[PDB]
Amino acid sequence: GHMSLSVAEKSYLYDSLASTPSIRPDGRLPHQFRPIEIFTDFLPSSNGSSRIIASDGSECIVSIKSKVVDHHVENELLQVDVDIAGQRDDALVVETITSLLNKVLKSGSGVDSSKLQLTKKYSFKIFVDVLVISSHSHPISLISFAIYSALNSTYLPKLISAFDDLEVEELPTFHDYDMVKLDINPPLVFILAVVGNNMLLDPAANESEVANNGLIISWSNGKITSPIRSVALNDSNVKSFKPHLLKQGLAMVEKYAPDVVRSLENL
Amino acid sequence: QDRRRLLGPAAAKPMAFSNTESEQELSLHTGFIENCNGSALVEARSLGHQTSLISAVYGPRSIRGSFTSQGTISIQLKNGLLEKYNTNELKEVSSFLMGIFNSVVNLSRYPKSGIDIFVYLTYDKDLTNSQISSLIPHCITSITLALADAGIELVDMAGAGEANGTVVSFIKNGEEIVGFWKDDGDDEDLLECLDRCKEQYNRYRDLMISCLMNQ
Amino acid sequence: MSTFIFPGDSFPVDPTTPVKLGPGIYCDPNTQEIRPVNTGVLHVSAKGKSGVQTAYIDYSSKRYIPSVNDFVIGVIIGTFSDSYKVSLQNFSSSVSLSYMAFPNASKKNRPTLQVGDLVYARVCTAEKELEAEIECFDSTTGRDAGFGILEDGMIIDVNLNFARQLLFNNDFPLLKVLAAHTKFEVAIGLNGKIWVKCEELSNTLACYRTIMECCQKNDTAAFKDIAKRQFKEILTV
Amino acid sequence: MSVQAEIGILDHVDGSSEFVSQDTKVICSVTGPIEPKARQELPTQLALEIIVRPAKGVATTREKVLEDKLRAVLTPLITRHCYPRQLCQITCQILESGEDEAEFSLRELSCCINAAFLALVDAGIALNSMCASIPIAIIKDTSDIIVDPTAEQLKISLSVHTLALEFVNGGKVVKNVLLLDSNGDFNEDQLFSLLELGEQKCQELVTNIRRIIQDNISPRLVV
Amino acid sequence: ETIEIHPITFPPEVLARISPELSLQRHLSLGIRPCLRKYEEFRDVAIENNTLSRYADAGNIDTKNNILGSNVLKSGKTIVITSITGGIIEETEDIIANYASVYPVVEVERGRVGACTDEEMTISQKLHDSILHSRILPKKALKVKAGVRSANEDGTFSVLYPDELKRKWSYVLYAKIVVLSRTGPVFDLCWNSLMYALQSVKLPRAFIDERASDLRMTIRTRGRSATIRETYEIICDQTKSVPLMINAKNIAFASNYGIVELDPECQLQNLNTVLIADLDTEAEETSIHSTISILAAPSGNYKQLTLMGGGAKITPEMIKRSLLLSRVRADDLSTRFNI
Amino acid sequence: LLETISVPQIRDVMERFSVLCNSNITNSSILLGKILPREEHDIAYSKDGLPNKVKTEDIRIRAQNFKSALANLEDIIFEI
Amino acid sequence: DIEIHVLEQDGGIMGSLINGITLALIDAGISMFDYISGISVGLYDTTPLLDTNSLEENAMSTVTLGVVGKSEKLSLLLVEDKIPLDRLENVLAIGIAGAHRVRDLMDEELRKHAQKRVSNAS
Amino acid sequence: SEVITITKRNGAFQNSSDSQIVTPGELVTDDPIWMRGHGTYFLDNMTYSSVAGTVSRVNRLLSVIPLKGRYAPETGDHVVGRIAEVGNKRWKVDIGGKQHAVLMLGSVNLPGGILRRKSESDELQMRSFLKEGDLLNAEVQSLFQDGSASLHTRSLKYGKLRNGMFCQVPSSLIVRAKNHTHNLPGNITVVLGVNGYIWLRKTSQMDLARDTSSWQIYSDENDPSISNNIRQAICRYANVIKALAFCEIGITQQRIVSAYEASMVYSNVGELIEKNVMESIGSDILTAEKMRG
Amino acid sequence: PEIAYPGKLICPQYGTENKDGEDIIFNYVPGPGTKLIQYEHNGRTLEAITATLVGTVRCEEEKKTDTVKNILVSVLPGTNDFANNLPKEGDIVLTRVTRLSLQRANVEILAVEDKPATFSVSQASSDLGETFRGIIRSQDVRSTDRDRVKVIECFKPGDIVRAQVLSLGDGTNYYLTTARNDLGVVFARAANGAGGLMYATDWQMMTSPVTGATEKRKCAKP
């Protein structure tokens with residue numbers, strides 16, 4: 001983990017969280033998120049952009065750029081690039097989140113890649129660049145919210161030429177000013193904390209340090225979807241968990257996610 | 001090209017070729033690498049896909065970086081001879097494996113020490129004339145064998161199973177879960193996967209104990 | 001003209017004669033044989049010297065290796081509890097200078113020296129597998145110490161041979177040629193360092209330029225005449 | 001065997017040299033004994049940092065082999081136990097190959113050995129003995145053993161050899177064979193005929209080296 | 001002052017860790033070595049060729065495999081796994097200019113993570129050079145006899161290959177050598193494994209499309225025009241393959257030797273140069289500074305030799321005895337596995 | 001001190017353990033199984049140049065002897 | 001430790017980097033002798049263009065100047081493309097004048113932020 | 001019921017009595033008689049500021065007080081710190097300054113207190129007494145040349161912290177006082193370190209005896225019997241401190257209790273992290289202060 | 001307890017039996033190779049001794065002179081390894097001196113001792129700094145006159161020093177001591193390995209048969 005706590009502080013926090021009426025250090029309920037701020041459309045150079053600020057100062061910036069590619073040779077039509085400030089590009093946390101996010105936003109898994117198709121030969125490759133300025137816990141859910149916001153305010157160039165390469169084979173030409181809004185359904189990634197027999201949504205830094213385990217659950221089209229990953233939020237207090245906890249977590253996300261999406265899909 | 005390796009001429013281009021439930025059986029061996037503290041050989045053959053991977057445990061050895069009441073564990077997967085995987089994907093499995101064995105390895109017995117576990121994906125043949133999900137249970141089997149062969153204390157024999165892109169590792173006779181992995185697959189198929197994987201977990205655990213004892 | 005020797009050559013002196021081994025000569029711990037390991041001129045002291053002959057090899061070198069009873073010029077570079085960290089020569093292993101050893105020493109009493117100061121110091125102890133120790137005042141000194149800070153002036157790099165000749169050889173004209181032009185003080189270190197100070201900077205600079213030129217040519221004759229051109233050029237302005 | 005060498009050409013190094021055989025020119029520098037990095041430290045002996053730079057391009061795995069073979073020669077030459085927990089940097093900058101570097105590295109290796117030895121002598125580092133290295137080659141049509149072959153001779157060679165011997169007693173007694181690097185097709189009879197003729201030309205080289213060393217160093221010393 | 005003192009003795013495993021040199025001398029006084037072998041006893045060798053190659057089953061050739069040849073070798077406690085892959089590049093007496101080589105990448109696992117060690121980097125070069133020096137692979141043996149794929153009647157594709165007779169291609173051989181369970185000098189094991197692997201290498205047939213639509217690509221300058229030459233996409237045959245043409249007369253096999261002086265103060269109750277064969281264990285790798293490495297051909301030709309005398313003097317007798325054993329070892333390795 | 005926990009309460013522990021314990025109650029090599037875990041063998045070439053497999057037994061015998069030789073051997077040393 | 005993230009680029013990025021560090025360092029309460037203002041000046045033919053963008057930099061040589069405080073002393077003089085020796089002095093003169101304006105804007109915004117904080121805190 | 005609060009914004013990266021002020025390089029005075037202090041530098045008669053802040057004149061001593069900067073240790077400060085590392089015969093503890101403070105083995109009260117003879121063994125075994133991550137009370141005993149602090153815990157008042165939770169605010173919001181340990185309603189006790197490090201714990205017997213066992217002064221063990229209300233009280237008190245800090249208003253023992261009782265309006269505690277409640281709470285604290293005048 | 005593997009249940013925390021009309025209480029204590037793990041079954045929780053190693057299960061019990069019977073349950077290796085026997089406070093180790101400076105003597109742990117002898121050897125490499133390093137302070141060299149101790153006359157580079165662990169220290173260095181009769185330099189050669197074998201004639205003196213030279217060291221009592 002990140003935060004450093006003494007054995008006494010950890011014991012107090014654990015007992016408080018492992019209690020049957022689970023007591024959070026900030027007084028939250030096991031499903032309440034902390035307030036966040038989101039800015040969008042501030043990078044005119046890009047097709048889409050977002051900036052999310054957490055309550056603990058955690059900040060993430062997402063940029064969306066497009067490129068015309070031949071979908072017959074370019075298998076992956078959506079590439080996620082993660083850059084955590086203070087970490088090497090080949091760091092364990094960076095590559096893991098990068099690999100994870102790319103699976104969350106695959107072309108034929110949790111994204112309508114039909115909206116990226118231009119012609120019978122060419123399609124729009126989407127580059128999702130993530131920049132984590134600051135973070136005090138696992139930023140996977142933080143990045144997810146930013147990518148969501150960014151992809152819902154993205155505008156792509158509009159095609160002019162015909163859409164049948166096979167015969168006439170016209171060179172892809174686009175309109176000089178008009179841009180079509182990218183209609184797509186970005187998935188969300190929720191992260192949970194397992195302290196004893198309790199499950200917490202949006203784990204704080206101190207909470208994650210004493211947690212026994214954790215869950216990474218994706219969400220798309222109003223239902224639970226892969227990737228689903230159990231994750232050790234820390235490495236000193238990791239323990240095995242009963243299967244009912246896993247089923248509890250999936251159930252917990254399944255009922256509180258639409259509330260999050262509703263507050264996130266605001267016009 | 002590279003000043004540390006001999007990669008040959010740059011104008012050269014790699015050779016590209018053209019065109020003109022099922023039961024699973026595995027083989028187990030431990031302690032054949034004198035270079036390290038513990039090692040294991042896990043080979044599995046089924047349908048149109050066979051896998052031969054090697055695990056190697058180095059530790060407990062000295063840690064420069066920090067003081068520690070308990071031990072520290074690192075897991076690295078390496079690509080083998082022919083089959084190749086994305087570095088990201090190998091890192092992701094490594095992280096998933098770290099979480100599992102941080103629940104099994106008795107870290108309290110190794111203060112200021114490091115246990116570095118290497119898993120070599122030596123030979124992974126795809127004979128179908130995310131594939132990484134089917135290799136995960138075999139990795140856990142190899143690491144468990146290697147750790148036990150090394151003499152590293154384990155709470156319980158950690159094993160796993162795979163069913164329709166879903167991987168779940170069990171301990172304590174399958175009562176509890178030390179790791180859950182799911183890619184692709186279908187909807188509302190959790191209960192079926194848990195049962196199928198627990199069957200593989202039980203079979204792998206029996207063969208592992210049989211290997212650690214008789215051999 | 002001298003009798004040059006090379007490593008792996010037979011040692012002239014016979015084992016029947018007691019010989020004290022100096023620089024260049026090596027006694028093999030395994031085969032007990034005495035053999036030369038450096039390249040240069042072999043010097044053997046005459047017999048009758050208390051029944052002990054001293055044999056060594058004068059070889060060219062510029063990398064100093066600490067030996068006991070050597071006067072050296074160090075630069076303070078560090079603070080450690082119980083002593084100064086001092087460097088004899090760039091990239092070389094540091095030497096230690098205890099707070100205890102100073103001209104009016106007291107355990108309570110402490111040195112006023114500040115990192116970056118030049119010290120005229122004697123190396124009392126030089127263990128091969130241990131950090132060098134430098135002391136300003138020596139028991140051998142017996143209540144007389146020239147050791148301590150050097151103020152201002154200019155320091156000069158010089159090969160060990162040139163420095164050794166400047167310190168032990170009285171026939172070396174360098175000091176004399178510099179005395180017939182101006183009067184200044186000089187500290188000489190066996191670690192190949194020479195400290196020069198005058199009343200005016202132009203004279204110290206002139207001395208600096210002469211010592212380097214004379215060190216470069218190594219022609220004993222040249223310096224008195226070589227010095228003359230150096231003094232003249234400064235007044236050129 | 002008309003080699004030419006100069007000693008003490010570099011200012012900011014404890015010792016240096018420039019050895020030239022034919023078209024092969026190598027300049028070498030030696031600093032030591034000095035403070036070593038923690039990973040270099042040897043509790044009882046001297047640590048050697050050996051670097052070889054090519055005439056063209058950057059250092060590759062090729063030069064890594066030149067560093068390794070040069071290490072096998074210099075290591076037993078130096079009285080390392082005189083400098084415990086200490087470092088000696090040895091750098092060789094090959095200025096001119098004198099051979100097709102895409103095919104051979106024979107002359108460059110021999111010239112590096114001779115230059116490194118000379119640089120160690122200049123630096124005043126404890127040496128157990130002396131050393132000389134020569135390149136040798138064999139031609140299939142000729143059947144000859146040519147000592148110090150040219151680049152053109154190497155192109156038509158069947159085998160290439162690097163021989164470096166350890167000399168004592170005024171360069172008359174071969175203490176040992178520090179390095180023999182034989183590559184190509186050759187038989188046992190050719191090997192010993194090579195070693196017999198090779199030892200002769202090596203002994204001649206030491207004598208020439210001893211001359212060069214005394215000619216350069218003696219003016220520095222006093223009588 | 002005449003006195004008697006008694007030594008304290010440490011278990012052989014302990015002694016080997018405490019003082020490798022002493023552990024060596026103790027064993028040598030009883031005619032054995034720290035690896036429990038005698039002075040001139042070699043490690044046995046067990047191999048398996050072409051087990052990882054696509055063509056390993058002639059009846060069922062793998063489709064998703066690019067390994068042309070392979071060799072799994074274990075000698076004593078050290079394991080070596082070699083696999084040969086290939087590439088193709090367009091091209092535009094007994095002299096060295098007429099011979100090619102393989103490009104090996106040897107990786108040694110020792111429980112560390114980071115850049116390539118000096119061991120791994122040097123092992124690759126010596127393998128590459130000795131293949132070129134011993135003249136195993138002539139450039140002519142890598143020339144691609146490219147065929148042509150046309151569209152025959154009834155809508156089918158057929159490939160016509162020439163034989164015994166414009167663009168020209170050449171094969172390029174690569175090698176990955178993984179060394180497991182290292183216990184000493186491992187070059188000799190890498191070479192012998194590479195030799196066994198090269199004798200199993202099958203070169204895939206290569207062809208081009210009869211009339212690929214892709215022609216020249218026009219690139220314009222500042223007024224003048226130019227045309228980049230049409231690049232033909234060379235394709236390898238899925239099944240058909242030809243064996244690698246190796247000069248079997250030149251294939252040498254590796255062995256190493258060491259020379260030690262018996263220390264009188266290390267004998268156990270119950271001058272001389274010692275020849276030791278096939279160095280293993282830390283004790284031998286660390287304390288023996290006079291060593292000999294030989295690549296000897298069964299014809300008795302020697303591809304390369306290395307004499308490193310840093311310890312005991314290498315006498316002509318030691319050299320001759322080493323050359324003899326290298327031949328005997330080579331004769332064994334070459335004929336054993338009928339490759 | 002220990003009066004607090006009952007023999008009867010502990011007895012129940014033995015029961016539940018027996019319940020828990022009671023409830024709980026070939027190898028072939030496809031590819032690399034044959035060569036990787038190969039037992040260490042040694043060879044000794046004779047005067048004729050023929051390879052001779054050192055006895056698996058031979059290695060053990062030398063080891064026993066070597067162990068004997070050092071232990072008996074170690075004890076006596078006189079310095080003058 | 002000074003970490004910088006360039007989110008968008010459009011000419012004169014070096015000058016903007018200088019101004020960003022100077023402001024951030026002051027915010028950290030880290031002592032410094034004076035402001036360092038950065039500016040870029042292009043030279044299209046004879047004409048000198050203050051504060052050039054990406055299009056102008058691609059079409060002419062530019063000079064990047066770091067000016068200490070209100071002084072004429074340069075901390076950074078950066079010329080990467082060809083400039084006639086006769087035009088260089090005049091280009092420097094334009095840049096220094098422009099950098100002084102950047103200093104004033106930085107100083108203005110800083111006193112504004114300061115004043116509000118003082119008002120609210122006290 | 002609301003799952004989360006998200007605040008959105010488009011087209012923009014971010015939202016957007018007289019006291020003397022000065023910026024670096026600005027001329028403060030030209031009187032050479034002045035003694036230049038921190039935040040300044042001089043050349044002959046001219047004195048220029050070395051930081052952005054307000055000009056301060058105490059007697060003849062001209063200095064510029066910075067607006068921003070880390071906690072600066074003064075001798076005698078009551079600070080709360082975390083052990084960063086343990087070496088030799090000293091403890092290095094994170095206070096929140098430019099450098100770690102030192103805590104020599106000599107200063108701390110060893111187990112058995114005065115009666116136990118000084119022990120060679122303890123220096124080796126100190127980690128057991130204290131280790132990396134532990135929190136503690138400490139007083140800035142002395143200062144080093146650079147400004148670093150030497151700490152001591154030679155008192156019953158000082159020592160290892162337990163039975164509570166940690167939180168921190170900017171050091172500027174906590175000033176020096178007669179005492180920094182305070183008892184509050186709800187049976188909890190606050191430890192307001194001058195460095196900004198705050199410790200909220202269950203009120204112990206010592207905390208009561210302050211305004212009215214020596215072997216276990218370094219035990220990590222939290223009190224076995226800590227009620228939920230004490231725990232739910234801690235959560236409530238902690239949030240309000242963060243709320244005061246969010247307003248950039250310095251904490252007071254009075255302000256804390258006042259906010260704690262005023263926050264009782266809101267049923268659920270987890271409702272003290274929201275900005276609106278903090279903004280309204282901050283204004284409530286301030287208006288009362290204005291009324292007090 | 002025929003076989004032991006990691007995760008296999010051994011015994012409950014407590015046991016009892018009936019002998020001679022009296023109930024004997026067996027208090028099982030988790031020893032080396034075991035650990036008390038709380039499991040769930042039938043709804044009721046249960047703590048049982050679980051083997052954490054692979055090998056033969058062994059038990060020990062003891063009362064010493066300085067109804068409930070205390071039994072120690074442990075698991076030993078079945079079939080060398082420096083893993084399960086990592087150096088802890090109080091353990092005696094064999095280490096080699098790597099460096100000397102006036103302040104302290106530095107050695108790297110090579111092997112560990114056991115009670116009635118036998119030894120445990122670290123398989124790590126001394127070439128890659130893979131071995132656990134330690135420090136012998138000047139005041140921990142000997143028992144008498146710990147104030148005036150010259151390091152150069154106690155140890156030498158390359159010496160094999162038998163020492164006892166004082167504390168784990170930091171991650172970098174262990175803290176050892178040689179302030180006993182059976183502690184100190186055990187194996188050494190003259191001139192830092194450049195000479196012949198030296199044996200411990202005197203507790204403070206080392207003598208070599210061929211060298212004819214004596215070098216002082218803080219040797220273990222012969």
# chains A, B, ... in the order shown; residues from 1 in each chain; ligands from 1
>>> interface_residues(of="chain E", to="chain D", cutoff="10 Å", atoms="only C-alpha atoms", output="ChimeraX atom specification")
/E:93-97,118-126,129-135,250,289-290,292-297,300-316,319-320,323-324
>>> residues_around(residues="residue 132 (chain A)", least_positions_apart="5", cutoff="7 Å", atoms="only C-alpha atoms", output="VMD selection string")
chain A and resid 59 to 61 83 to 85
>>> residues_around(residues="region 188-191 of chain C", least_positions_apart="4", cutoff="7 Å", atoms="only C-alpha atoms", output="VMD selection string")
chain C and resid 64 70 to 73 88 160 163 to 164 167 195
>>> residues_around(residues="region 10-25 of chain F", least_positions_apart="2", cutoff="10 Å", atoms="only C-alpha atoms", output="PyMOL selection string")
(chain B and resi 172-173) or (chain F and resi 5-8) or (chain I and resi 8-17+25-26+39-42+44-48)
>>> residues_around(residues="region 52-56 of chain E", least_positions_apart="6", cutoff="6 Å", atoms="only C-alpha atoms", output="PyMOL selection string")
chain E and resi 62+65+67-70
>>> residues_around(residues="residue 55 (chain H)", least_positions_apart="3", cutoff="8 Å", atoms="only C-alpha atoms", output="number ranges by chain")
H: 20-22, 28, 62-65
>>> closest_residue(among="I:198, I:179, I:109, I:102", to="chain C", atoms="only C-alpha atoms")
I:102
>>> residues_around(residues="residue 271 (chain H)", least_positions_apart="3", cutoff="10 Å", atoms="only C-alpha atoms", output="NGL selection string")
(:A and (26-29 or 32)) or (:H and (236 or 239 or 263 or 266-268 or 274-278))
>>> interface_residues(of="chain B", to="chain A", cutoff="7 Å", atoms="only C-alpha atoms", output="list in words")
residues 88, 89, 91, 92, 96, 99, 102, 103, 176, 177, 178, 179, 180, 181, 182, 183 and 184 of chain B
>>> write_last_selection(atoms="N, CA, C and O atoms", output="tab-separated table (two decimals), in the first residue's frame")
chain	number	residue	atom	x	y	z
B	88	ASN	N	2.25	-7.02	-20.50
B	88	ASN	CA	1.16	-6.57	-19.63
B	88	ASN	C	0.38	-7.74	-19.06
B	88	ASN	O	0.08	-7.78	-17.87
B	89	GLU	N	0.07	-8.71	-19.92
B	89	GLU	CA	-0.72	-9.86	-19.53
B	89	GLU	C	0.04	-10.76	-18.55
B	89	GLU	O	-0.55	-11.35	-17.66
B	91	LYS	N	2.36	-9.59	-16.52
B	91	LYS	CA	2.41	-8.80	-15.30
B	91	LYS	C	1.12	-8.94	-14.51
B	91	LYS	O	1.14	-9.03	-13.28
B	92	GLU	N	0.00	-8.97	-15.22
B	92	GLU	CA	-1.31	-9.08	-14.59
B	92	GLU	C	-1.48	-10.41	-13.87
B	92	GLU	O	-1.99	-10.45	-12.75
B	96	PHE	N	-1.85	-11.26	-9.86
B	96	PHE	CA	-2.91	-12.15	-9.41
B	96	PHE	C	-2.34	-13.30	-8.60
B	96	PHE	O	-2.96	-13.77	-7.64
B	99	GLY	N	-1.12	-12.07	-4.98
B	99	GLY	CA	-2.22	-11.97	-4.04
B	99	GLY	C	-2.59	-13.32	-3.45
B	99	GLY	O	-2.93	-13.42	-2.28
B	102	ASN	N	0.29	-14.63	-1.04
B	102	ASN	CA	0.39	-13.78	0.13
B	102	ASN	C	-0.67	-14.16	1.16
B	102	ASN	O	-0.73	-13.61	2.26
B	103	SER	N	-1.52	-15.11	0.78
B	103	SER	CA	-2.56	-15.62	1.65
B	103	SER	C	-2.20	-17.03	2.11
B	103	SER	O	-2.86	-17.60	2.98
B	176	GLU	N	-12.82	-22.21	1.12
B	176	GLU	CA	-12.59	-20.78	0.91
B	176	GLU	C	-11.82	-20.50	-0.38
B	176	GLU	O	-11.25	-21.40	-0.99
B	177	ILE	N	-11.81	-19.23	-0.78
B	177	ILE	CA	-11.19	-18.82	-2.04
B	177	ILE	C	-10.04	-17.85	-1.81
B	177	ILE	O	-10.19	-16.86	-1.09
B	178	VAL	N	-8.90	-18.12	-2.43
B	178	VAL	CA	-7.73	-17.27	-2.31
B	178	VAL	C	-7.50	-16.40	-3.55
B	178	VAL	O	-6.57	-15.60	-3.59
B	179	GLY	N	-8.35	-16.58	-4.55
B	179	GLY	CA	-8.23	-15.80	-5.78
B	179	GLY	C	-9.34	-16.10	-6.77
B	179	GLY	O	-9.73	-17.25	-6.97
B	180	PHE	N	-9.85	-15.05	-7.41
B	180	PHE	CA	-10.91	-15.20	-8.41
B	180	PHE	C	-10.59	-14.42	-9.68
B	180	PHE	O	-10.31	-13.23	-9.65
B	181	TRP	N	-10.65	-15.12	-10.82
B	181	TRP	CA	-10.29	-14.55	-12.11
B	181	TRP	C	-11.38	-14.87	-13.12
B	181	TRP	O	-11.83	-16.02	-13.22
B	182	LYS	N	-11.81	-13.87	-13.88
B	182	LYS	CA	-12.84	-14.09	-14.90
B	182	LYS	C	-12.69	-13.19	-16.13
B	182	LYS	O	-12.78	-11.97	-16.04
B	183	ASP	N	-12.45	-13.82	-17.27
B	183	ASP	CA	-12.44	-13.13	-18.56
B	183	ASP	C	-13.47	-13.78	-19.48
B	183	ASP	O	-13.67	-15.00	-19.43
B	184	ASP	N	-14.09	-12.97	-20.33
B	184	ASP	CA	-15.09	-13.45	-21.29
B	184	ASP	C	-16.21	-14.23	-20.60
B	184	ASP	O	-16.93	-13.68	-19.76
>>> atom_distance(atom1="CA of residue 172 (chain A)", atom2="CA of residue 154 (chain A)")
20.5 Å
>>> atom_distance(atom1="CA of residue 83 (chain D)", atom2="CA of residue 129 (chain C)")
8.0 Å
>>> select_by_dssp(residues="chain F", states="strand (DSSP E or B)", output="MDAnalysis selection string")
chainID F and resid 42:44 53 78:79
>>> write_last_selection(atoms="C-alpha atoms", output="mmCIF file, in the first residue's frame")
data_model
loop_
_atom_site.group_PDB
_atom_site.id
_atom_site.type_symbol
_atom_site.label_atom_id
_atom_site.label_comp_id
_atom_site.auth_asym_id
_atom_site.auth_seq_id
_atom_site.Cartn_x
_atom_site.Cartn_y
_atom_site.Cartn_z
ATOM 1 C CA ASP F 42 29.088 -40.017 -14.612
ATOM 2 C CA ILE F 43 31.382 -41.551 -17.223
ATOM 3 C CA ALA F 44 35.057 -42.515 -17.217
ATOM 4 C CA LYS F 53 29.123 -45.527 -16.918
ATOM 5 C CA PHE F 78 52.163 -30.864 15.992
ATOM 6 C CA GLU F 79 53.836 -27.469 15.609
#
>>> select_by_dssp(residues="region 7-220 of chain H", states="helix (DSSP H, G or I)", output="MDAnalysis selection string")
chainID H and resid 121:124 126:129 171:173 205:209
>>> interface_residues(of="chain G", to="chain A", cutoff="10 Å", atoms="only C-alpha atoms", output="number ranges by chain")
G: 3-5, 7-10
